[PDB]
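Chain residues, written in single-letter form:
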Amino acid sequence: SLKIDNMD
Amino acid sequence: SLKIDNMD
Amino acid sequence: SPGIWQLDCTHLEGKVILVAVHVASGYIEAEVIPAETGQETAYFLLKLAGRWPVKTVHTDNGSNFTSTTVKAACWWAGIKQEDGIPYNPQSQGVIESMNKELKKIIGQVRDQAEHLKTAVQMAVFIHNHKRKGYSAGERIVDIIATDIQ
Amino acid sequence: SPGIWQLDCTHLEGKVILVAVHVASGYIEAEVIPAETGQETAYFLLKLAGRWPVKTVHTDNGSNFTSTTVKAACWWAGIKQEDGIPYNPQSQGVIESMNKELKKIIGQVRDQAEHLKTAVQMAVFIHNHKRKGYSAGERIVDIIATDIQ
Ligand SMILES: [Cl-]
């Protein structure tokens, strides 16, 4: 999700 | 429950 | 004073952020929980005391001071559980300004994290590394190492 | 030296215990998660680097070495992400004996805790306070303070 804790 | 993390 | 910590509980996004402040350095550790209970506070103190030499904790309110589960964890971990009455009035102010600063940093990073708990750990990281000159992470290591020696 | 950590993942009770070991001191931090994923490993490293000055992490397997989420957290926190290949063969053995000792301790406390995660933090506490003469908690503070000065 393009977040540091969830790059999906 | 008489546990250190739950004394009930 | 190397061993003295203060608990602090603040709210954001409908959740609770529980913070432990090492008083002498201003270093913090924090977690996000859905609400403050004795059981959550007790687990948080057990984590803290396995990581730093916690002698005394000033609890953040009378419910956590009274909680049998918090008193059990403090017994287990060798912590003296104390009140957190601001005998020095300047305390209320320092805790409040800390919560305001942490929430500011949370908002600055919030869009980089899916979960609030990630943004809170990014705020902990920025708080503990900030210099103003030693950071709080440096000060707490220096204070404890000086005690050990 | 002062900034090098190694990840380690062991299983108990159908859950996973993820451990970070500060290599020079043997000090550890740990958590329980339902299974090892890049997202959980990344959050764990972000927690660790807000608490101690983490320069380098030797990852515990190729999946966490490759994970884009772990590389994003190591980027965010200023960590050099490295492999965990035991170039020094005595490493496999040291990790394995640590996992065995941690599981022994967990079993010794397990009936004092409702949740496994509590038992794991009690084991972390006992491991880091044990002397044999300094404890790992003393050694990591000494090492870091020496590096700061
Ligand atoms: Cl609450």
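Residues numbered from 1 in each chain as written, not as in the entry; some residues may be left out. Chains lettered and ligands numbered in written order. Heavy atoms only, no water.

This entry lists X-ray crystallography as its structure determination method and reports a resolution of 1.7000 Å.

A. How the structure looks around the interface of chain D and chain B. Chain D puts 7 residues into the contact, and the matching count from chain B is 4 residues. With both chains or domains summed, chain D and chain B bury close to 440 Å², and 46% of this area falls on carbon and sulfur atoms. The interface formed by chain D and chain B holds 0 salt bridges in total. Viewed at the interface, chain B and chain D are joined by 6 residue pairs in polar contact. (Contact = heavy atoms within 4.5 Å. Buried area = accessible area lost by both parts, 1.4 Å probe. Salt bridge = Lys/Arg side-chain N within 4 Å of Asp/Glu carboxyl O. Polar contact = N/O pair within 3.5 Å; in protein donor to acceptor, adjacent residues only side chain to side chain.)

B. View of the interface of chain C and chain D. With 31 residues of chain C in contact, the opposing surface of chain D contributes 31 residues. Summing the contributions of chain C and of chain D, the shared interface buries around 2,900 Å²; its carbon and sulfur component is 63%. The interface formed by chain C and chain D contains 2 salt bridges. Salt-bridge contacts for D:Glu29 lead to C:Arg51; the nearest nitrogen and oxygen are separated by 2.9 Å. Between the two partners, chain C and chain D, sit 14 residue pairs in polar contact. Of all elements in the fold, only β3 (27–33), α1 (38–51), α3 (68–77), α5 (116–129) and α6 (136–148) of chain C reach the threshold of two or more residues within the side of chain C that touches chain D. Counting residues per element, the side of chain C that touches chain D draws most heavily on α5(C), which supplies 9 residues. Residue composition of the side of chain C that touches chain D, by class: 18 nonpolar, 7 polar and 6 charged. (Helix = DSSP H or I, 4+ residues; strand = E, 2+ residues; numbered from the N terminus. Nonpolar A, V, L, I, M, F, W, Y, C, P; charged D, E, K, R; others polar.)

C. Highlighting the sheet that holds strand β2 (residues 15–22) of chain D. All names here are of chain D. Judged by pairing direction, the sheet is mixed, and its 5 strands sit side by side in the order β3-β2-β1-β4-β5 without closing on themselves. Because the sheet does not close on itself, it has two edges, and the strands there are β3 (27–33) and β5 (80–82). On average, each strand axis in the sheet is inclined to that of its neighbour by 25°, with strand direction left out of account. Where strand β1 (residues 4–12) meets strand β4 (residues 56–58), 3 bridges bridge the pair, whose relative direction is parallel. For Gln6, the partnering residue across the bridge sits in β4 and is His58. Strand contacts of helix α6 (residues 136–148): β1, β2 and β3, with the helix running at about 115° to β3, the strand carrying the most contacts. (Pairing = 2+ DSSP bridges. Axes fitted to C-alpha atoms, helices over the stretch in contact; angles between N-to-C directions.)

D. Spatial organisation of the nonpolar core. Among the nonpolar cores identified, the biggest contains 95 residues, and C:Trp52, D:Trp5 and D:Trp52 are the most heavily contacted of them. If near-sequence neighbours (up to four positions away) are discounted, D:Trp52 is found in contact with C:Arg51, C:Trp52, C:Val141, D:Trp5, D:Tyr27, D:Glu29, D:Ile140, D:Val141 and D:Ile144. (Core = buried A, V, L, I, M, F, W, Y, C linked by side-chain atoms within 4.5 Å. Buried < 20%, exposed > 50% of the residue type's maximum accessible area, 1.4 Å probe, protein only.)

E. Up close: the pattern of salt bridges. All names here are of chain D. Counted by the stated rule, this structure contains 9 salt bridges over all chains. Of the charged contacts, one joins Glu13 and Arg110 as a salt bridge, the two residues approaching to 2.8 Å between their closest N and O atoms. Separated by 97 residues along the polypeptide, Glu13 in the loop between β1 and β2 and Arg110 in the loop between α4 (90–109) and α5 (116–129) bring together distant segments of the chain. You can call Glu13 partly exposed: its relative accessible area is 44%.

F. The relation of the copies chain C and chain D, seen in detail. Rotating chain C by 180° and translating it 0.0 Å along the rotation axis places it on chain D, where the RMSD comes to 0.1 Å. This pairing of chains is accounted for by a two-fold axis. For chain C, the residue whose C-alpha comes nearest the rotation axis is C:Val141, separated from it by 2.8 Å. Take the interface residues of chain C: 100% of them recur as interface residues in chain D, which is what a same-surface contact looks like. (Least-squares fit on C-alpha atoms.)

G. Region of the structure containing the packing of α5(C) against helix α1 (residues 38–51) of chain D. Packing of α5(C) against α1(D) brings their axes to within 8 Å, and their N-to-C directions diverge by 20°. As the angle between them shows, α5(C) and α1(D) are arranged roughly parallel. Seen along the crossing, α5(C) lies across α1(D) with a hand that is left-handed. Together, C:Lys117, C:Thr118, C:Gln121, C:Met122, C:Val124, C:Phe125, C:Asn128 and C:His129 of α5(C) and D:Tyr43, D:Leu46, D:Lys47, D:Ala49, D:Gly50 and D:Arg51 of α1(D) make up the contact between the two elements. (Parallel < 35°, antiparallel > 145°, perpendicular 65-115°, else oblique. Left-handed = near helix turned anticlockwise from the far one by under 90°.)

H. Representation of the environment of D:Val23. Residues and elements named next belong to chain D. Within the fold, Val23 resides in the loop between β2 and β3. The spacing of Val23 and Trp5 is 18 residues in sequence and 5.5 Å in space, taken between C-alpha atoms. Beyond its immediate chain neighbours, meaning those up to four positions away, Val23 contacts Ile4, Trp5 and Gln6.

I. Local environment of the state of the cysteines. Within the structure shown, the criterion is met by 0 disulfides over all chains. Between C:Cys74, a free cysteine, and C:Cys9, which holds the nearest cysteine sulfur, the sulfur-to-sulfur gap is 16 Å. (Disulfide = S-S within 2.5 Å.)

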